[PDB]
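The structure appears below as structure tokens.
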Amino acid sequence: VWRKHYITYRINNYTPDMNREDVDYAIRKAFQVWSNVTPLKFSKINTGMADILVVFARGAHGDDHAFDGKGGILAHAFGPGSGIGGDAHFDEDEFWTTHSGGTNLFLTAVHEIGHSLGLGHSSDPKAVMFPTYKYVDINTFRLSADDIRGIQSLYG
Ligand SMILES: O=C(CCCC[C@H]1CCSS1)NCCCO
Ligand SMILES: [Ca+2]
Ligand SMILES: [Ca+2]
Ligand SMILES: [Ca+2]
Ligand SMILES: [Zn+2]
Ligand SMILES: [Zn+2]
């Protein structure tokens, strides 16, 4: 778990699937989901080393977790730690979106940031930490009680 309350993120590179401002907004809204139920504060920085580096990448991309083309694995993230710790990677071979076309970035990012914070997978299909992608309306979205218990067991 992170041992401090102010956490930084940096967007290393932007998918061409989406408007720049939309990538910024989805990711910001996703960190806010977790800010809402912990003492953590998140800030985007533009240069330098962040805690959580947000990367869009395809295939082999320098870690030991290659992506697999369109479908299958959508994204992965490392738990808290220095260097690659915390970093969240999104498969560029998906088509990222604001809505239900393709793969919703916001929802995926909430799930991945959960990992960045120290959460593992849930068995509850209602939880955002369930592995299986299922679109739900991005204004209807709520963490499940399982999710809140999980993160609060780690930070609050
Ligand atoms: O784990 C992911 C990210 C998607 C996580 C699923 C949550 C967020 C999208 S809707 S609920 N890709 C590999 C899963 C595919 O088997
Ligand atoms: Ca990191
Ligand atoms: Ca994939
Ligand atoms: Ca893409
Ligand atoms: Zn990776
Ligand atoms: Zn996962």
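Every residue, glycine among them, receives a Cβ derived from its backbone with ideal geometry; neighbour counts consider all protein chains shown. None of the figures in this text is laboratory data; all of them are computed from the coordinates on show.
Within the listed set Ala57, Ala75, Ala145, the residue fluctuating most in the Gaussian network model of the chain (springs between alpha-carbon atoms under 10 angstrom) is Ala145.
Electrostatic tally near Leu53: other residues with Cβ closer than 10 Å to its Cβ, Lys and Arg +1, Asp and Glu -1, net -1. Does anything in the stretch 114-156 have its amide N under 16 Å from the 7 Å Cα→Cβ label point of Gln32, and if so which residues? Those under the cut-off are 138-143. Pulled fully out, how much extra length does the chain show between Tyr135 and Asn19, if you take 0.36 nm times their separation in residues and subtract their Cα-Cα distance? Value of the extension gain: 39.8 nm. When the chain is treated as a GNM with alpha-carbon contacts under 10 Å, the residue of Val136, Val33, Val110 showing the greatest mean-square fluctuation is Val136.
Its DSSP H runs of at least 4 residues, each contributing -39,500 (n - 2.57), put the calculated 222 nm mean residue ellipticity of the chain at -8000 deg cm²/dmol, to the nearest 500.
If I take all pairs of Cα atoms in the chain, what percentage of them are more than 18 Å from each other? That tail contains 54 percent of the Cα-Cα pairs. When the Cα convex hull of the stretch 16-95 is projected onto planes of every orientation, the mean area is 6.0 nm². For the chain, the share of DSSP beta bridges that are antiparallel, to the nearest 5, is 20%. When the chain is treated as a GNM with alpha-carbon contacts under 10 Å, the residue of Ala60, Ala77, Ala88 showing the greatest mean-square fluctuation is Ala60.
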